[PDB]
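Only one chain is included here, represented as C-alpha cells and corresponding to the form deposited in one PDB entry.
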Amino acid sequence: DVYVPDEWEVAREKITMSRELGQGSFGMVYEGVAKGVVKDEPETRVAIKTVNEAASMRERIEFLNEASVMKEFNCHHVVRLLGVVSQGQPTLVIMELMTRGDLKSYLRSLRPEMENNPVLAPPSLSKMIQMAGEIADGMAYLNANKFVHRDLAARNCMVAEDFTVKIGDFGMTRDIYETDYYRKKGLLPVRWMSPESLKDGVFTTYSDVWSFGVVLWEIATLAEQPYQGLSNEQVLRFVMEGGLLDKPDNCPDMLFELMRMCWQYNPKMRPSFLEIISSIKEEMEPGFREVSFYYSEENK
C-alpha cells in the first residue's frame, strides 16, 4: 500500500498552525489558517490533522489513505476535507474547522454548573429540531452516496461557530468517550446499535436511522449515557429483547415521537433519513432550502 498525491495536494507555505485542539487517531490536531483552500476566500480558519514525528511510513500512509475517504463528499452537513500536505514532513490533512467541537462535548457544556450563577435554559424544541434536520441531511447525503455510517452518535457529529451541526470527519476517536464502546469480537458502540446489528453485526442505513434516534435522545438529555443503569452485557440483552430508551424528562412530544419511529424493532418500518427531513422541513430555519442536500438538485 502507498499514497498517490492528487488535486487535493496543498503547498506547505500556504499553511500555518496555532492552537492545539487535541489528540486525533494518528497525532495532534491543531487549529490554523490555510491560504486558497475555499473559493473567494483568500484565507480560511482550518483544522489541521497531523502525524506524530516518530510515526512509521506505514502509519503515515494509512493516515493519508484513511483521511482520503472524505474527498468524495461535498455536503454542507458533512465536515469537509480541504487539502492534504503529503509532500515532506510533518504530514498534514486540512479539514473544515468546527470551533464548537464534537456534539457530545457541546451538549455536555450546556448542562447547568453546580454554582449559584445564571444559566442559559436547556435548548428549545426549535434549536433541537434544527440539529436533527442538519444531522439527518448529512446522513441522507451519505446514504445517497451508498455509505453506511455504522457509528452515528453525538460524539461523531461536530458543531460549527454558527452552531450548524455536521456529520464529523470519519474515525476521529475522542479518547474521553472510550466507554461508549464495548469489545465482545471488535470494539462496538453497543448503546447506539440496532437490535438486528446486536444480533449479526451487520449495519445498514436502517440501523443508522436507529442510531439517529439515539442521537435525538442525546440532544434531549444533554448527552447522558444511553441505558445509564445497565451494564454493556445488559444493554445487548435489553435492546435485542425489544427494550427502549425512556422519554427524557421535559422532552417535547414531537422529538420523542421521532425517536420512537427510529426505534421500531423491524428495520423496514423505520423512516428513511429523507422521510425524517420531510416530516420536520417546516420547522427548519430559512437557509435550509439553500444549503441542504434534501432541497438540492442532487436529491433525485
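Residue numbers run from 1 along the displayed sequence. Between two forms, the rigid core is defined as the largest C-alpha subset superposing within 1.5 Å.
Residue-level annotation: residue 117 lacks coordinates in a third or more of the other entries compared, counting only those that model residues on either side of it. Of the other structures of this protein that model both sides of residue 184, a third or more give it no coordinates.
Unmodelled stretch separating residue 184 from residue 185: 1 to 3 residues (count of deposited-sequence residues without coordinates). When the C-alpha B-factors of 240-248 and 52-60 are averaged, 52-60 comes out higher.
Note on 149-157 vs 109-117: mean CA B-factor is higher in 109-117. Looking only at 11, 284, 291, 276, the residue with the top Cα B factor in the deposited structure is 11.
Looking at 258, 269, 29, 235, the one whose CA carries the top B-factor in the deposited record is 29.
Ranked by Cα temperature factor within the chain, residue 87 sits in the highest third according to the deposited record.
Compared with the other modelled residues of the chain, the Cα B-factor recorded for residue 229 ranks in the highest third.
Ranked against the other modelled residues of its chain, the C-alpha B-factor of residue 176 as given in the entry falls in the highest third. When the CA B factors of the chain's modelled residues are split into thirds, the value for residue 72 lands in the highest one. Residue 46 sits in the middle third of its chain by CA B factor, as recorded in the PDB entry.
The same protein also has a form deposited in another entry, omitted here; what follows describes it.
For the residues 257, 275, 53, 241, superposed on the rigid core between this form and the one not shown, a C-alpha shift of 2 angstroms or more shows up only at 53. Shown in the overlay between this form and the one not shown, fitted on the rigid core, is a CA shift at residue 87 of 2 Å or greater. For residue 9, a C-alpha deviation of 2 angstroms or more is recorded between this form and the one not shown after rigid-core alignment. Superposition on the rigid core between this form and the one not shown places the CA atom of residue 169 2 Å or more away from its counterpart. Contraction of the residue 193-residue 24 CA spacing by 3 Å or more is recorded in the other form, set against this form. In the other form, the Cα-Cα separation between residue 214 and residue 177 grows by 3 Å or more relative to the displayed conformation.
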